[PDB]
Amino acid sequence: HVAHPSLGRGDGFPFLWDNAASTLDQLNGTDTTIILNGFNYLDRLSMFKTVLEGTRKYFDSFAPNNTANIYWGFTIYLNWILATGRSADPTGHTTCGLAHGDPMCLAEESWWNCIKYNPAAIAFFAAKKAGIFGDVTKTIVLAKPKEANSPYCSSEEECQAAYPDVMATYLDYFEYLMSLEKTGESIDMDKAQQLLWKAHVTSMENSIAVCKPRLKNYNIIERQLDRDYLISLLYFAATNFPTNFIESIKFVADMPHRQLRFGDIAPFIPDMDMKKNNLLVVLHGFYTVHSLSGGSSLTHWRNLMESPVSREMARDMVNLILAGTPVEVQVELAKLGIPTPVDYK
């Protein structure tokens, strides 16, 4: 049995979904503690699953199997990074994540691991704080990184001190949910999604500089995909596109099913379908606009995205992208009010 990049265990749910904890009580620990290994796939899966189960009651009415839940996004992406080998050690110094080593191990040296750690772990703490799992007396004990002054925080307090904006934004999301018990209001989806994206973006923006050196562990083609993906995410986030199960599967199904290498030129990669080849072109399109505008296109984009009408029009562009419809990013952005930059070097 191996994790499928888009289908997880086979029907979209993550590889080993049933094996992950639904509640804190199913985790390992000692009567006074909870043990979680942040460098293990299953424990990282449980950091997502427990929040998903914990928040299921707010989304249950809308779709079967907690699929309307907007926590799915980075949960589905956990499976994709596993399945494509992107959580493994790219340096050759350990066998962490490799088939002949510990396949569940997530490497410190992995760029994907580096950027996705906080949305699993810090978010978990924030849910704990907000009361999503209930009263928790036991202390959470996280496995420590081997690197000195590592980007990976290993306790609630250390996480909070290292990345205070990331903790505060995920807290705001979970507090908003809890508040729905305190008032009986039905959830405002647009608002819940906007809060969750704000935390996601704050995390990315908090980890871009610290994780950046890990990009050199990959060949130039895979490395530019990483960059293209992170910059693109910031544009997608501003549209408030849903991060539920259906949309997250759609996304991963368009992402490359293996690490890129020298010789891969999108949209002409012959072991990939049209949707994967197109998306790679699109992600690089966002990168190019961003880069040639010196980042100023993202400031303009976020200003324009203060309008709900614009966000809706921008989501229609994202849907076109995910279906594989060829779009030139610069042309679509211009249409939505973004000055097209040109190369001045």
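When you see a residue number, it is the position in the sequence shown, counting from 1.
When the mean C-alpha temperature factors of 215-223 and 121-129 are read from the deposited coordinates, 121-129 comes out higher. 182-190 and 246-254 differ in mean CA B-factor, and the higher of the two is recorded for 182-190. Between the residues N79, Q259, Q160, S203, it is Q160 that shows the highest Cα B-factor in the PDB record. Which of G285, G29, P308, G295 has the largest Cα B-factor in the deposited entry comes down to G29. Among the modelled residues of its chain, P145 has a C-alpha B-factor that falls in the highest third according to the deposited record. Among all modelled residues in its chain, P164 ranks in the highest third by Cα B-factor. Ranked against the other modelled residues of its chain, the C-alpha B-factor of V281 as given in the entry falls in the lowest third. When the modelled residues of the chain are ordered by C-alpha B-factor, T75 sits in the lowest third.
In the PDB entry, a CA B factor belonging to the highest third of its chain's modelled residues is recorded for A20.
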